[PDB]
$ cat upload.json   # JSON, C-alpha atoms
[["chain", "number", "residue", "atom", "x", "y", "z"],
["A", 96, "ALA", "CA", 140.15, 81.35, 93.74],
["A", 97, "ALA", "CA", 139.29, 83.23, 97.01],
["A", 98, "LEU", "CA", 141.77, 86.19, 97.01],
["A", 99, "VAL", "CA", 143.88, 85.28, 93.89],
["A", 100, "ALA", "CA", 142.47, 87.00, 90.76],
["A", 101, "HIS", "CA", 144.24, 84.97, 88.00],
["A", 102, "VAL", "CA", 147.61, 84.47, 86.16],
["A", 103, "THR", "CA", 149.31, 87.67, 84.86],
["A", 104, "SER", "CA", 152.61, 88.63, 83.13],
["A", 105, "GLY", "CA", 154.93, 91.30, 84.65],
["A", 106, "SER", "CA", 153.09, 90.96, 87.99],
["A", 107, "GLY", "CA", 155.55, 92.89, 90.18],
["A", 108, "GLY", "CA", 159.07, 92.81, 91.67],
["A", 109, "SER", "CA", 160.74, 91.72, 88.42],
["A", 110, "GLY", "CA", 164.18, 90.89, 89.88],
["A", 111, "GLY", "CA", 163.62, 87.66, 91.84],
["A", 112, "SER", "CA", 166.11, 84.88, 90.90],
["A", 113, "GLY", "CA", 163.92, 81.75, 90.67],
["A", 114, "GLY", "CA", 161.84, 79.79, 88.17],
["A", 115, "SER", "CA", 164.33, 76.96, 87.28],
["A", 116, "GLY", "CA", 161.46, 75.72, 85.12],
["A", 117, "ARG", "CA", 158.08, 77.38, 84.36],
["A", 118, "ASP", "CA", 157.47, 80.72, 86.20],
["A", 119, "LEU", "CA", 153.83, 81.18, 87.31],
["A", 120, "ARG", "CA", 152.97, 84.82, 88.11],
["A", 121, "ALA", "CA", 149.69, 86.06, 89.69],
["A", 122, "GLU", "CA", 148.40, 89.15, 91.57],
["A", 123, "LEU", "CA", 145.79, 89.11, 94.36],
["A", 124, "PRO", "CA", 143.93, 91.73, 96.52],
["A", 125, "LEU", "CA", 145.03, 90.76, 100.06],
["A", 126, "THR", "CA", 143.42, 91.89, 103.34],
["A", 127, "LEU", "CA", 145.80, 93.45, 106.00],
["A", 128, "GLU", "CA", 144.54, 90.76, 108.40],
["A", 129, "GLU", "CA", 145.49, 88.07, 105.80],
["A", 130, "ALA", "CA", 148.98, 89.64, 105.50],
["A", 131, "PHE", "CA", 149.17, 88.71, 109.22],
["A", 132, "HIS", "CA", 147.30, 85.34, 109.09],
["A", 133, "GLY", "CA", 149.24, 83.73, 106.18],
["A", 134, "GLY", "CA", 147.17, 80.50, 106.18],
["A", 135, "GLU", "CA", 145.97, 78.00, 103.52],
["A", 136, "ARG", "CA", 143.93, 79.86, 100.81],
["A", 137, "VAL", "CA", 142.83, 78.55, 97.39],
["A", 138, "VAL", "CA", 144.81, 79.67, 94.28],
["A", 139, "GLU", "CA", 143.49, 79.13, 90.72],
["A", 140, "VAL", "CA", 146.34, 79.35, 88.14],
["A", 141, "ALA", "CA", 145.68, 78.17, 84.49],
["A", 142, "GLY", "CA", 142.76, 76.03, 85.81],
["A", 143, "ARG", "CA", 145.05, 74.45, 88.47],
["A", 144, "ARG", "CA", 143.45, 74.60, 91.96],
["A", 145, "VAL", "CA", 145.99, 74.25, 94.84],
["A", 146, "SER", "CA", 145.84, 75.38, 98.51],
["A", 147, "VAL", "CA", 148.69, 77.95, 98.86],
["A", 148, "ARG", "CA", 149.98, 79.00, 102.32],
["A", 149, "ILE", "CA", 151.72, 82.35, 101.83],
["A", 150, "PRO", "CA", 154.10, 83.33, 104.78],
["A", 151, "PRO", "CA", 152.91, 85.86, 107.51],
["A", 152, "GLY", "CA", 154.86, 89.14, 107.21],
["A", 153, "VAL", "CA", 153.64, 90.20, 103.75],
["A", 154, "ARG", "CA", 152.88, 93.78, 102.45],
["A", 155, "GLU", "CA", 151.58, 95.84, 99.46],
["A", 156, "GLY", "CA", 153.65, 94.84, 96.36],
["A", 157, "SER", "CA", 155.25, 91.92, 98.28],
["A", 158, "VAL", "CA", 156.16, 89.10, 95.90],
["A", 159, "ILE", "CA", 155.73, 85.58, 97.40],
["A", 160, "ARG", "CA", 157.70, 82.55, 96.09],
["A", 161, "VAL", "CA", 155.89, 79.21, 96.53],
["A", 162, "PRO", "CA", 158.23, 76.42, 95.01],
["A", 163, "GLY", "CA", 156.77, 73.36, 93.17],
["A", 164, "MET", "CA", 153.59, 75.39, 92.34],
["A", 165, "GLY", "CA", 154.74, 76.94, 89.03],
["A", 166, "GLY", "CA", 156.82, 74.46, 87.00],
["A", 167, "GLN", "CA", 154.94, 71.18, 87.55],
["A", 168, "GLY", "CA", 157.69, 68.51, 87.31],
["A", 169, "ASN", "CA", 161.08, 67.35, 88.68],
["A", 170, "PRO", "CA", 162.80, 70.85, 88.13],
["A", 171, "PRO", "CA", 160.68, 72.80, 90.76],
["A", 172, "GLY", "CA", 159.10, 76.02, 89.46],
["A", 173, "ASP", "CA", 157.47, 78.56, 91.78],
["A", 174, "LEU", "CA", 154.46, 80.86, 91.77],
["A", 175, "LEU", "CA", 155.17, 84.56, 92.54],
["A", 176, "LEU", "CA", 152.04, 85.95, 94.26],
["A", 177, "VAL", "CA", 152.26, 89.79, 94.26],
["A", 178, "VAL", "CA", 149.67, 90.80, 96.89],
["A", 179, "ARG", "CA", 147.74, 94.08, 96.74],
["A", 180, "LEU", "CA", 146.66, 95.29, 100.22],
["A", 181, "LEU", "CA", 143.19, 96.90, 100.52],
["A", 182, "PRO", "CA", 142.67, 100.78, 100.00],
["A", 183, "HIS", "CA", 142.07, 100.58, 103.80],
["A", 184, "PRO", "CA", 145.46, 100.69, 105.69],
["A", 185, "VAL", "CA", 146.08, 100.80, 109.50],
["A", 186, "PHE", "CA", 149.16, 98.64, 110.22],
["A", 187, "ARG", "CA", 152.58, 99.50, 108.76],
["A", 188, "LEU", "CA", 154.91, 96.49, 108.95],
["A", 189, "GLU", "CA", 158.50, 97.84, 108.85],
["A", 190, "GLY", "CA", 160.55, 94.61, 108.61],
["A", 191, "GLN", "CA", 159.46, 92.87, 111.86],
["A", 192, "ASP", "CA", 158.03, 95.97, 113.68],
["A", 193, "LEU", "CA", 154.60, 97.67, 113.50],
["A", 194, "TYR", "CA", 153.24, 101.23, 113.44],
["A", 195, "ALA", "CA", 149.48, 101.80, 113.92],
["A", 196, "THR", "CA", 147.68, 105.00, 114.91],
["A", 197, "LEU", "CA", 146.08, 105.04, 118.41],
["A", 198, "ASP", "CA", 143.49, 107.84, 118.95],
["A", 199, "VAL", "CA", 142.76, 108.20, 122.73],
["A", 200, "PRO", "CA", 140.39, 110.76, 124.44],
["A", 201, "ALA", "CA", 142.08, 113.54, 126.55],
["A", 202, "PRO", "CA", 140.35, 112.21, 129.86],
["A", 203, "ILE", "CA", 142.04, 108.75, 129.35],
["A", 204, "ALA", "CA", 145.34, 110.34, 128.17],
["A", 205, "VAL", "CA", 145.75, 112.42, 131.39],
["A", 206, "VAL", "CA", 144.49, 109.75, 133.93],
["A", 207, "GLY", "CA", 146.44, 107.04, 132.05],
["A", 208, "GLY", "CA", 143.53, 104.66, 131.37],
["A", 209, "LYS", "CA", 143.24, 101.74, 128.89],
["A", 210, "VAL", "CA", 142.08, 101.81, 125.24],
["A", 211, "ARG", "CA", 141.24, 98.82, 122.99],
["A", 212, "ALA", "CA", 143.47, 99.17, 119.89],
["A", 213, "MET", "CA", 142.54, 97.12, 116.79],
["A", 214, "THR", "CA", 145.33, 94.77, 115.58],
["A", 215, "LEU", "CA", 145.57, 92.10, 112.82],
["A", 216, "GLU", "CA", 145.47, 89.26, 115.46],
["A", 217, "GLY", "CA", 142.38, 90.68, 117.28],
["A", 218, "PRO", "CA", 141.89, 93.27, 120.12],
["A", 219, "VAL", "CA", 144.86, 94.48, 122.26],
["A", 220, "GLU", "CA", 144.27, 96.65, 125.37],
["A", 221, "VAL", "CA", 146.98, 99.32, 125.76],
["A", 222, "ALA", "CA", 147.24, 101.15, 129.12],
["A", 223, "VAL", "CA", 148.30, 104.67, 128.00],
["A", 224, "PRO", "CA", 150.93, 106.53, 130.24],
["A", 225, "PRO", "CA", 149.41, 108.89, 132.94],
["A", 226, "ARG", "CA", 149.53, 112.40, 131.35],
["A", 227, "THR", "CA", 150.82, 110.92, 128.01],
["A", 228, "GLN", "CA", 151.57, 113.11, 124.93],
["A", 229, "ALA", "CA", 150.17, 113.05, 121.36],
["A", 230, "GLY", "CA", 152.86, 111.99, 118.83],
["A", 231, "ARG", "CA", 154.19, 109.19, 121.11],
["A", 232, "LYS", "CA", 154.58, 105.50, 120.13],
["A", 233, "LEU", "CA", 153.26, 102.98, 122.75],
["A", 234, "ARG", "CA", 155.42, 99.87, 122.37],
["A", 235, "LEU", "CA", 153.38, 96.62, 122.78],
["A", 236, "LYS", "CA", 156.11, 93.94, 122.62],
["A", 237, "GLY", "CA", 155.33, 90.42, 121.39],
["A", 238, "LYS", "CA", 152.49, 91.89, 119.26],
["A", 239, "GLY", "CA", 154.56, 92.46, 116.05],
["A", 240, "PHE", "CA", 155.18, 90.12, 113.08],
["A", 241, "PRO", "CA", 157.72, 87.13, 112.89],
["A", 242, "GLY", "CA", 161.38, 87.86, 112.00],
["A", 243, "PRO", "CA", 165.17, 87.34, 112.80],
["A", 244, "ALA", "CA", 164.69, 88.55, 116.44],
["A", 245, "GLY", "CA", 161.61, 86.28, 116.90],
["A", 246, "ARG", "CA", 158.51, 88.52, 117.16],
["A", 247, "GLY", "CA", 158.48, 92.33, 116.80],
["A", 248, "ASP", "CA", 156.50, 95.04, 118.58],
["A", 249, "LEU", "CA", 153.71, 97.55, 117.86],
["A", 250, "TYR", "CA", 154.26, 101.35, 117.97],
["A", 251, "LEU", "CA", 150.93, 103.11, 118.70],
["A", 252, "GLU", "CA", 150.99, 106.69, 117.35],
["A", 253, "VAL", "CA", 149.02, 108.43, 120.19],
["A", 254, "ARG", "CA", 146.41, 111.08, 119.16],
["A", 255, "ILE", "CA", 144.99, 112.87, 122.23],
["A", 256, "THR", "CA", 141.61, 113.98, 120.82]]
$ encode --input "upload.json" --output "structure tokens"
Amino acid sequence: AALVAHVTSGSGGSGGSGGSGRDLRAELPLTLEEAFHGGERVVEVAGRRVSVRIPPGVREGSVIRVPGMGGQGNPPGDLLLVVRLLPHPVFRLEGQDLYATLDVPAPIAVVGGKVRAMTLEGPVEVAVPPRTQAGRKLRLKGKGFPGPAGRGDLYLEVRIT
């Protein structure tokens, strides 16, 4: 597989009511960007190659249920993919909302210029408040993850350096 390592036992989050057949369990190193993207990636479980589309809005230790993929038959069994985000973090998904650190120079902070902040969809350009403060969260709405309230928003933790 691409990101999926292989089948394991006691993968993570042992308390998910499912199976109803054969439980397939597997862990995979996931990129932060792929936690956002949630597209079709190849899984290799017991020599079975399928294209699995895990849902956007996934995190470190997040257990993903894909029905029909575990128990191959009429009683649908699922595959619990416990993803393992890279030792590189930047974006904290809290439910539907984001927190990512924004380090701006003091010249831009005081004039209230614009800084390109890296996000999991690409580049966003945040216009910092004129004479902004370090420790603030710059709310870029419609730049969060999916959820109950539609799409969330990004809180940029300003560092006037």
$ residues_around --input "upload.json" --residues "residue 111 of chain A" --least-positions-apart "2" --cutoff "10 Å" --atoms "all atoms listed in the file" --output "PDB file with C-alpha atoms, keeping the file's coordinate frame"
ATOM      1  CA  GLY A 107     155.550  92.890  90.180  1.00  0.00           C
ATOM      2  CA  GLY A 108     159.070  92.810  91.670  1.00  0.00           C
ATOM      3  CA  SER A 109     160.740  91.720  88.420  1.00  0.00           C
ATOM      4  CA  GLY A 113     163.920  81.750  90.670  1.00  0.00           C
ATOM      5  CA  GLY A 114     161.840  79.790  88.170  1.00  0.00           C
ATOM      6  CA  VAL A 158     156.160  89.100  95.900  1.00  0.00           C
ATOM      7  CA  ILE A 159     155.730  85.580  97.400  1.00  0.00           C
ATOM      8  CA  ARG A 160     157.700  82.550  96.090  1.00  0.00           C
ATOM      9  CA  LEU A 175     155.170  84.560  92.540  1.00  0.00           C
TER      10      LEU A 175
END
$ closest_residue --input "upload.json" --among "A:190, A:208, A:112, A:154" --to "residue 245 of chain A" --atoms "all atoms listed in the file"
A:190
$ closest_residue --input "upload.json" --among "A:117, A:255, A:239, A:167" --to "residue 189 of chain A" --atoms "all atoms listed in the file"
A:239
$ closest_residue --input "upload.json" --among "A:199, A:123, A:100, A:205" --to "residue 220 of chain A" --atoms "only C-alpha atoms"
A:199
$ residues_around --input "upload.json" --residues "residue 153 of chain A" --least-positions-apart "2" --cutoff "12 Å" --atoms "all atoms listed in the file" --output "PDB file with C-alpha atoms, in the frame of the given file"
ATOM      1  CA  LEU A 125     145.030  90.760 100.060  1.00  0.00           C
ATOM      2  CA  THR A 126     143.420  91.890 103.340  1.00  0.00           C
ATOM      3  CA  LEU A 127     145.800  93.450 106.000  1.00  0.00           C
ATOM      4  CA  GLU A 128     144.540  90.760 108.400  1.00  0.00           C
ATOM      5  CA  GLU A 129     145.490  88.070 105.800  1.00  0.00           C
ATOM      6  CA  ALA A 130     148.980  89.640 105.500  1.00  0.00           C
ATOM      7  CA  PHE A 131     149.170  88.710 109.220  1.00  0.00           C
ATOM      8  CA  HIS A 132     147.300  85.340 109.090  1.00  0.00           C
ATOM      9  CA  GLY A 133     149.240  83.730 106.180  1.00  0.00           C
ATOM     10  CA  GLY A 134     147.170  80.500 106.180  1.00  0.00           C
ATOM     11  CA  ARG A 148     149.980  79.000 102.320  1.00  0.00           C
ATOM     12  CA  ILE A 149     151.720  82.350 101.830  1.00  0.00           C
ATOM     13  CA  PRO A 150     154.100  83.330 104.780  1.00  0.00           C
ATOM     14  CA  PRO A 151     152.910  85.860 107.510  1.00  0.00           C
ATOM     15  CA  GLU A 155     151.580  95.840  99.460  1.00  0.00           C
ATOM     16  CA  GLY A 156     153.650  94.840  96.360  1.00  0.00           C
ATOM     17  CA  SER A 157     155.250  91.920  98.280  1.00  0.00           C
ATOM     18  CA  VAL A 158     156.160  89.100  95.900  1.00  0.00           C
ATOM     19  CA  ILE A 159     155.730  85.580  97.400  1.00  0.00           C
ATOM     20  CA  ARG A 160     157.700  82.550  96.090  1.00  0.00           C
ATOM     21  CA  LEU A 176     152.040  85.950  94.260  1.00  0.00           C
ATOM     22  CA  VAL A 177     152.260  89.790  94.260  1.00  0.00           C
ATOM     23  CA  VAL A 178     149.670  90.800  96.890  1.00  0.00           C
ATOM     24  CA  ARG A 179     147.740  94.080  96.740  1.00  0.00           C
ATOM     25  CA  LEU A 180     146.660  95.290 100.220  1.00  0.00           C
ATOM     26  CA  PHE A 186     149.160  98.640 110.220  1.00  0.00           C
ATOM     27  CA  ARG A 187     152.580  99.500 108.760  1.00  0.00           C
ATOM     28  CA  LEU A 188     154.910  96.490 108.950  1.00  0.00           C
ATOM     29  CA  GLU A 189     158.500  97.840 108.850  1.00  0.00           C
ATOM     30  CA  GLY A 190     160.550  94.610 108.610  1.00  0.00           C
ATOM     31  CA  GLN A 191     159.460  92.870 111.860  1.00  0.00           C
ATOM     32  CA  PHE A 240     155.180  90.120 113.080  1.00  0.00           C
ATOM     33  CA  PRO A 241     157.720  87.130 112.890  1.00  0.00           C
ATOM     34  CA  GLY A 242     161.380  87.860 112.000  1.00  0.00           C
TER      35      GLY A 242
END
$ closest_residue --input "upload.json" --among "A:200, A:105, A:124, A:144" --to "residue 182 of chain A" --atoms "all atoms listed in the file"
A:124
$ closest_residue --input "upload.json" --among "A:192, A:251, A:99, A:237" --to "residue 213 of chain A" --atoms "all atoms listed in the file"
A:251
$ atom_distance --input "upload.json" --atom1 "atom CA of residue 236 of chain A" --atom2 "atom CA of residue 250 of chain A"
8.9 Å
$ residues_near_point --input "upload.json" --point "(156.0, 102.7, 122.3)" --cutoff "10 Å" --atoms "only C-alpha atoms" --output "ChimeraX atom specification"
/A:194,223,231-236,248-253
$ decode --input "upload.json" --residues "segment 152-181 of chain A" --atoms "N, CA and C atoms" --output "PDB file, in the first residue's frame"
ATOM      1  N   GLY A 152     -11.083  15.258   7.904  1.00  0.00           N
ATOM      2  CA  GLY A 152     -11.404  15.545   9.303  1.00  0.00           C
ATOM      3  C   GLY A 152     -10.878  14.471  10.225  1.00  0.00           C
ATOM      4  N   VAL A 153      -9.694  13.945   9.896  1.00  0.00           N
ATOM      5  CA  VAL A 153      -9.057  12.849  10.644  1.00  0.00           C
ATOM      6  C   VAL A 153      -7.772  13.387  11.341  1.00  0.00           C
ATOM      7  N   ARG A 154      -7.356  12.714  12.424  1.00  0.00           N
ATOM      8  CA  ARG A 154      -6.312  13.182  13.376  1.00  0.00           C
ATOM      9  C   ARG A 154      -5.441  12.003  13.855  1.00  0.00           C
ATOM     10  N   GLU A 155      -4.374  12.326  14.608  1.00  0.00           N
ATOM     11  CA  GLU A 155      -3.493  11.329  15.257  1.00  0.00           C
ATOM     12  C   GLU A 155      -4.301  10.415  16.216  1.00  0.00           C
ATOM     13  N   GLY A 156      -4.263   9.095  15.953  1.00  0.00           N
ATOM     14  CA  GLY A 156      -5.007   8.108  16.747  1.00  0.00           C
ATOM     15  C   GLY A 156      -6.476   7.995  16.354  1.00  0.00           C
ATOM     16  N   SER A 157      -6.875   8.666  15.255  1.00  0.00           N
ATOM     17  CA  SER A 157      -8.255   8.624  14.761  1.00  0.00           C
ATOM     18  C   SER A 157      -8.491   7.309  14.021  1.00  0.00           C
ATOM     19  N   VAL A 158      -9.529   6.601  14.464  1.00  0.00           N
ATOM     20  CA  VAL A 158      -9.891   5.277  13.981  1.00  0.00           C
ATOM     21  C   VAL A 158     -11.018   5.420  12.943  1.00  0.00           C
ATOM     22  N   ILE A 159     -10.764   4.960  11.713  1.00  0.00           N
ATOM     23  CA  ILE A 159     -11.661   5.156  10.560  1.00  0.00           C
ATOM     24  C   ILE A 159     -12.370   3.853  10.184  1.00  0.00           C
ATOM     25  N   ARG A 160     -13.707   3.854  10.225  1.00  0.00           N
ATOM     26  CA  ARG A 160     -14.524   2.696   9.840  1.00  0.00           C
ATOM     27  C   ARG A 160     -14.922   2.770   8.371  1.00  0.00           C
ATOM     28  N   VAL A 161     -14.415   1.828   7.566  1.00  0.00           N
ATOM     29  CA  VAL A 161     -14.813   1.683   6.157  1.00  0.00           C
ATOM     30  C   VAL A 161     -15.573   0.335   5.974  1.00  0.00           C
ATOM     31  N   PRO A 162     -16.960   0.361   6.011  1.00  0.00           N
ATOM     32  CA  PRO A 162     -17.815  -0.862   5.901  1.00  0.00           C
ATOM     33  C   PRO A 162     -17.659  -1.606   4.559  1.00  0.00           C
ATOM     34  N   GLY A 163     -17.827  -2.943   4.608  1.00  0.00           N
ATOM     35  CA  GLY A 163     -17.718  -3.819   3.427  1.00  0.00           C
ATOM     36  C   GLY A 163     -16.279  -4.255   3.125  1.00  0.00           C
ATOM     37  N   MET A 164     -15.304  -3.595   3.775  1.00  0.00           N
ATOM     38  CA  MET A 164     -13.861  -3.731   3.478  1.00  0.00           C
ATOM     39  C   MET A 164     -13.196  -4.810   4.345  1.00  0.00           C
ATOM     40  N   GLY A 165     -13.744  -5.030   5.553  1.00  0.00           N
ATOM     41  CA  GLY A 165     -13.266  -6.079   6.449  1.00  0.00           C
ATOM     42  C   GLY A 165     -13.868  -7.425   6.087  1.00  0.00           C
ATOM     43  N   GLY A 166     -14.974  -7.772   6.768  1.00  0.00           N
ATOM     44  CA  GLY A 166     -15.779  -8.952   6.458  1.00  0.00           C
ATOM     45  C   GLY A 166     -16.328  -8.938   5.039  1.00  0.00           C
ATOM     46  N   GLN A 167     -15.626  -9.666   4.152  1.00  0.00           N
ATOM     47  CA  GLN A 167     -16.006  -9.845   2.745  1.00  0.00           C
ATOM     48  C   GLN A 167     -17.169 -10.852   2.673  1.00  0.00           C
ATOM     49  N   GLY A 168     -18.382 -10.342   2.432  1.00  0.00           N
ATOM     50  CA  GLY A 168     -19.580 -11.181   2.353  1.00  0.00           C
ATOM     51  C   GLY A 168     -20.859 -10.369   2.446  1.00  0.00           C
ATOM     52  N   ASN A 169     -21.983 -11.055   2.734  1.00  0.00           N
ATOM     53  CA  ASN A 169     -23.305 -10.412   2.879  1.00  0.00           C
ATOM     54  C   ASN A 169     -23.415  -9.642   4.229  1.00  0.00           C
ATOM     55  N   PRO A 170     -23.000 -10.227   5.421  1.00  0.00           N
ATOM     56  CA  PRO A 170     -22.838  -9.429   6.660  1.00  0.00           C
ATOM     57  C   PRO A 170     -21.612  -8.493   6.527  1.00  0.00           C
ATOM     58  N   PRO A 171     -21.809  -7.146   6.337  1.00  0.00           N
ATOM     59  CA  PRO A 171     -20.695  -6.230   6.029  1.00  0.00           C
ATOM     60  C   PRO A 171     -19.775  -6.040   7.246  1.00  0.00           C
ATOM     61  N   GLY A 172     -18.491  -6.345   7.051  1.00  0.00           N
ATOM     62  CA  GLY A 172     -17.456  -6.056   8.033  1.00  0.00           C
ATOM     63  C   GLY A 172     -16.633  -4.884   7.576  1.00  0.00           C
ATOM     64  N   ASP A 173     -16.059  -4.138   8.512  1.00  0.00           N
ATOM     65  CA  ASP A 173     -15.354  -2.893   8.219  1.00  0.00           C
ATOM     66  C   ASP A 173     -13.867  -3.044   8.500  1.00  0.00           C
ATOM     67  N   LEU A 174     -13.115  -2.048   8.047  1.00  0.00           N
ATOM     68  CA  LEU A 174     -11.683  -1.943   8.283  1.00  0.00           C
ATOM     69  C   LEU A 174     -11.433  -0.648   9.072  1.00  0.00           C
ATOM     70  N   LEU A 175     -10.942  -0.811  10.316  1.00  0.00           N
ATOM     71  CA  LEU A 175     -10.583   0.313  11.196  1.00  0.00           C
ATOM     72  C   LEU A 175      -9.122   0.734  10.955  1.00  0.00           C
ATOM     73  N   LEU A 176      -8.964   1.817  10.176  1.00  0.00           N
ATOM     74  CA  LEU A 176      -7.676   2.447   9.897  1.00  0.00           C
ATOM     75  C   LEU A 176      -7.347   3.501  10.968  1.00  0.00           C
ATOM     76  N   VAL A 177      -6.449   3.139  11.892  1.00  0.00           N
ATOM     77  CA  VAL A 177      -5.917   4.064  12.903  1.00  0.00           C
ATOM     78  C   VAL A 177      -4.713   4.797  12.299  1.00  0.00           C
ATOM     79  N   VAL A 178      -4.913   6.068  11.935  1.00  0.00           N
ATOM     80  CA  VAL A 178      -3.864   6.871  11.295  1.00  0.00           C
ATOM     81  C   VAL A 178      -2.905   7.451  12.344  1.00  0.00           C
ATOM     82  N   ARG A 179      -1.665   7.649  11.919  1.00  0.00           N
ATOM     83  CA  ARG A 179      -0.562   8.105  12.754  1.00  0.00           C
ATOM     84  C   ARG A 179       0.054   9.319  12.065  1.00  0.00           C
ATOM     85  N   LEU A 180      -0.335  10.532  12.482  1.00  0.00           N
ATOM     86  CA  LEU A 180       0.136  11.764  11.838  1.00  0.00           C
ATOM     87  C   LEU A 180       1.642  11.949  12.061  1.00  0.00           C
ATOM     88  N   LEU A 181       2.305  12.552  11.053  1.00  0.00           N
ATOM     89  CA  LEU A 181       3.769  12.706  11.014  1.00  0.00           C
ATOM     90  C   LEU A 181       4.311  13.413  12.290  1.00  0.00           C
TER      91      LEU A 181
END
